[PDB]
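A.B. asks: Based on what follows, work out the 3D shape:
(4 chains)
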Amino acid sequence: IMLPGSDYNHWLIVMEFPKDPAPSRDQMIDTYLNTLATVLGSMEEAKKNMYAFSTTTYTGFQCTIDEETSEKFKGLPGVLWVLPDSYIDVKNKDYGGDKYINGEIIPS
Amino acid sequence: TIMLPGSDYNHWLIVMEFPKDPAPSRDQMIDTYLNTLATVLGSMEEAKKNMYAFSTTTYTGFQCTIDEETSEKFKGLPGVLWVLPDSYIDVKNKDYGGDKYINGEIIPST
Amino acid sequence: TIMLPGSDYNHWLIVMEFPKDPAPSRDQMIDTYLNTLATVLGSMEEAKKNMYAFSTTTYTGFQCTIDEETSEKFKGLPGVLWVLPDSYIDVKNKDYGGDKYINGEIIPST
Amino acid sequence: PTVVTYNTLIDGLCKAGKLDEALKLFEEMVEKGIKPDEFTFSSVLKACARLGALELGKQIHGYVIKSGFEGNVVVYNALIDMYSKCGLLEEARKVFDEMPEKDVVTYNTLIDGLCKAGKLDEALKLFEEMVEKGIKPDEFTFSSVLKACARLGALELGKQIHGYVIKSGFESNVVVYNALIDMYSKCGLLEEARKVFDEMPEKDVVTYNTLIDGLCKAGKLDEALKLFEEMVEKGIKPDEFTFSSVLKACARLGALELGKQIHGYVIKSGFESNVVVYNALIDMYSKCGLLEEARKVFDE
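C.D. replies: Numbers count the residues shown, from 1 in each chain, chains lettered A, B, ... in the order given. Next up is the structure itself:
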């Protein structure tokens, strides 16, 4: 069985950042993109496939990758959790978080 | 050596084996215990006198006051599985366990 | 490889067994601790100076500054049950616990 | 229809194994704008742990993080228990290392998972850490740590624990003291295990069992037997494991006459059809030469 939206092609990748001090919001997002760019092989493909993230409620990001790709995140610096994403609103079929279109940051 | 409380070798557990399907009734088993005891002791009066306990539930056998030499005579008799020296179940009360048989009256256990 | 906080093997819990009917008084239990420690250390002055804590309630034992080789000398003495390395019971305050003994003053534990 | 009434339903469905119906309820109260909470996530996770529903566990975990519950003690304790019972102790530890607040239950949960995995060093290091941070171990901590010291031969730590247990007022605690008997026995010190036994005011089956096992592994077979009849004289009823230990004690000796009295006891206590007593009887009789008997035992 499965949470609505958990199709194992959407992944929640939560990272760990230092605390004294914290990196800026832009630094955390940059860390998400570079981390995802590492796994995919290009920054162009990381911006394509990161559809959401947070630097407040949690410090992680959400991306359209398959499951064997998502295993490549494990062991990478800063990667805490590699978890199948799930709908926060099943009606809209939407995964929540601050949205990332392709440079467009519209908060929530 | 080491002896279990109550194992004086003048008390014997004689375990038996009946057909499982269909099992003889509680009263047929009881009957068989006395008959088998009376065959070794020579009469039914000595059987009723010396059978102090039995079971038809948690086991199918009877307990009797006989010496070791007599308990040997049960081995290889029809339906006789085990010939084991009895022992207390409750050491405080010197109770050998099972349903009790006192001269024809049955007092079940717990 | 791993140790409890405060177990540096220079602090020792000596647990003693006492008669039960009646138990001795608190003061007698204490003077058993002093005399026992004095027996190993060679003098009462040494025992009084090296006993830093005891109980006669939660446990019946004393706690003393001795090294490991010395602590072995308690084993086989009458009344000695356990020789165990002492340890902190409050780690932040570096406290071994028990009623404290400071040159004859007793400060009960809280 | 409150959060509490939706949670009472999910919990019942969760305890009955009905994860599909539990999740439908979850998604329904989410749909109706009724927020899940501590009990909801912890209810679902506990079922995931019972059933090994790792994947749902991992998705809930995702859902837990996205809805702001990182660090919540009840939820994260359940996360630890779920990852632990699904075999994933590195993940259990990650959840632990991330919790800003830890209670004795937090530590106990991760200690119990580690001990079941044979990761005994990490459990003792974790116990030390718990003492270092001023969290008071409880009956379950002392018991699990002493059992770990016993399996590890970690005598010196066990003896420090013994001191700590004495000072914290645990002398009368049978669970902890059963653990001390085990620790001394498995560390080669039957005399100290005997001392522990003879000091305990209360003794149950497990304390007789623990000390019998130590005598038998030491080859102190006659001492094991004297103790077994001591147990019977005090009214403590033997169990599956008592019978298996003293029958093998008998099946390691010319103790047939005693094995026969125990066989009678075993029959009268309801233990003849018990699998390990089965084999302990078959074993005892075989080592005593009478091989028909063993066949008689087997042929049930």
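A.B. asks: gap between the nearest residue to residue A:86 once chain neighbours are set aside and chain C?
C.D. replies: In this structure, residue A:86 finds its nearest non-sequential neighbour in residue A:3, 4.0 Å apart by C-beta to C-beta, 6 or more residues apart in numbering or on different chains. The way it works is simple: take the backbone N, C-alpha and C, and place the C-beta from them, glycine included. Distance of residue A:3 to chain C, computed by C-beta to the nearest C-beta, to the nearest Å: 42 Å.
A.B. asks: So residue A:3 sits against residue A:85, correct?
C.D. replies: No: taking contacts as C-beta atoms under 8 Å, residue A:3 lies outside contact range of residue A:85: 9.1 Å.
A.B. asks: what's around residue D:112, how many residues?
C.D. replies: When neighbours are defined as other C-beta atoms under 10 Å in any protein chain shown, residue D:112 has 19 of them.
A.B. asks: same thing with residue D:37?
C.D. replies: As a burial measure, residue D:37 scores 18 neighbours (other C-beta under 10 Å).
A.B. asks: can you pull the contacts of it?
C.D. replies: By C-beta atoms under 8 Å, 6 or more residues apart in numbering or on different chains, residue D:37 lies in contact with D:3, D:7.
A.B. asks: and the gap between it and residue D:7?
C.D. replies: Look at residue D:37 and residue D:7: by C-beta to C-beta, to the nearest Å, they are 7 Å apart.
A.B. asks: coming back round to it: give the intersection of the neighbour lists for residue A:3 and residue A:85.
C.D. replies: With C-beta under 8 Å, 6+ apart, residue A:3 and residue A:85 have common neighbours residue D:62.
A.B. asks: What residue in chain A comes nearest to chain D?
C.D. replies: When distances are taken as C-beta to the nearest C-beta, chain A reaches nearest to chain D at residue A:83, 3.9 Å away.
A.B. asks: Quick check: phi and psi at that residue.
C.D. replies: Backbone geometry at residue A:83, expressed as degrees, to the nearest 10, gives phi -130, psi 140.
A.B. asks: That one: what's it in contact with?
C.D. replies: Going by C-beta under 8 Å, 6+ apart, residue A:83 touches A:11, A:12, A:13, A:14, D:58, D:59, D:61, D:62, D:65.
A.B. asks: Which strand residues bridge the second one?
C.D. replies: Read that as residue A:12. residue A:62, residue A:83 (DSSP bridges).
A.B. asks: element containing residue D:185, please.
C.D. replies: helix D:174-186 (DSSP states H and E).
A.B. asks: Which strands and helices lie in contact with the helix or strand following that helix?
C.D. replies: Heading C-terminal from helix D:174-186, the first helix or strand you meet, by DSSP H and E, is helix D:190-199. The contact analysis (3 or more C-beta pairs under 8 Å, 6 or more residues apart in numbering or on different chains; DSSP states H and E) places helix D:190-199 against strand C:80-85, helix D:174-186, helix D:205-217.
A.B. asks: Find the closest residue to chain A in the stretch 1-150 of chain D.
C.D. replies: Counting by C-beta to the nearest C-beta, the stretch 1-150 of chain D gets nearest chain A through residue D:62, at 3.9 Å.
A.B. asks: show me the contacts for the closest residue to residue A:16 other than its chain neighbours.
C.D. replies: Once flanking residues are discounted, residue A:16 sits nearest to residue A:80: 4.9 Å by C-beta to C-beta, 6+ apart. Contact analysis of residue A:80 by C-beta under 8 Å, 6+ apart lists A:14, A:15, A:16, A:60, D:94, D:98.
A.B. asks: same deal with residue D:204?
C.D. replies: Shown in contact with residue D:204 (C-beta under 8 Å, 6+ apart): D:174, D:178, D:236.
A.B. asks: For those, which single residue is the most surrounded?
C.D. replies: Among the contacts of residue D:204, the one with the most neighbours (other C-beta under 10 Å) is residue D:178, at 25 neighbours.
A.B. asks: Quick one: residues in contact with stretch D:180-193.
C.D. replies: Residues contacting stretch D:180-193 (C-beta under 8 Å, 6+ apart): D:146-147, D:149-151, D:153-155, D:158, D:161-162, D:165, D:196-197, D:207, D:210-211, D:213-215, D:217-218, D:220.
A.B. asks: Of those residues, which count as buried by neighbour count?
C.D. replies: Taking 16 or more other C-beta atoms under 10 Å in any protein chain shown as the criterion, what is buried in the contacts of stretch D:180-193 is D:146-147, D:149-150, D:154-155, D:158, D:161-162, D:165, D:196-197, D:207, D:210-211, D:213-215, D:218, D:220.
A.B. asks: Flag every residue of chain D that's near chain C.
C.D. replies: Residues of chain D lying close to chain C (C-beta under 8 Å from any C-beta of the partner chain) are D:124-125, D:128, D:131-134, D:154, D:156-157, D:159-164, D:166-169, D:171, D:195, D:199.
A.B. asks: Name the nearest residue to the closest residue to chain B within chain D, ignoring sequence neighbours.
C.D. replies: As assessed by C-beta to the nearest C-beta, chain B sits closest to residue D:264 within chain D, at 3.8 Å. The shortest distance from residue D:264 to any non-neighbouring residue, by C-beta to C-beta, 6+ apart, is to residue B:84 (3.8 Å).
A.B. asks: can you check residue D:76 too?
C.D. replies: With C-beta to C-beta, 6+ apart, the residue lying closest to residue D:76 is residue D:99, at 5.1 Å.
A.B. asks: wait, what's in contact with the one you found?
C.D. replies: D:71, D:73, D:76, D:106.
A.B. asks: Now with 10 Å, please.
C.D. replies: If you count contacts by C-beta atoms under 10 Å, 6 or more residues apart in numbering or on different chains, residue D:99 has them with D:70, D:71, D:72, D:73, D:75, D:76, D:77, D:79, D:80, D:106, D:110.
A.B. asks: Also residue A:40?
C.D. replies: A:46, A:47, A:48, A:49, A:50, A:63, A:65, A:69, A:72.
A.B. asks: Setting the sequence-adjacent residues aside, check what's closest to residue D:223.
C.D. replies: Excluding its sequence neighbours, the residue lying closest to residue D:223 (C-beta to C-beta, 6+ apart) is residue D:215, at 4.8 Å.
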